[PDB]
């Protein structure tokens, strides 16, 4: 299914994923599309920070859901 990953700066990434994919796998797909190292990615859905070892389905993430990607952005 398709999900969207939107940074807090307004950059939107489209991913192809399965409900059984882990958060780690999603971070790896984000790295493949936009070159962000997974250890710098903080993913948020429904206000909760997504944990590496869990699946998308554990957070009730459905088709066309949007996840928020929080990056440490230095001033």
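Note that the rigid core is defined as the largest set of C-alphas that superpose within 1.5 Å between two forms. Numbering follows the first chain given and starts at 1.
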Comparing 60 to 68 to 6 to 14 by root mean square Cα deviation from the shown form in 6 other deposited structures of this protein, core aligned, the larger deviation is found at 6 to 14
Higher-scoring stretch by recorded Cα B factor average, 53 to 61 or 8 to 16
8 to 16
Can you tell me whether residue 1 has a C-alpha B-factor in the lowest, middle or highest third compared with the other modelled residues of the same chain?
highest
Taking the chain's C-alpha temperature factors as the reference, tell me which third residue 42 falls into: lowest, middle or highest.
middle
Check where residue 33 lands among this chain's C-alpha B-factors and tell me if it's the lowest, middle or highest third.
highest
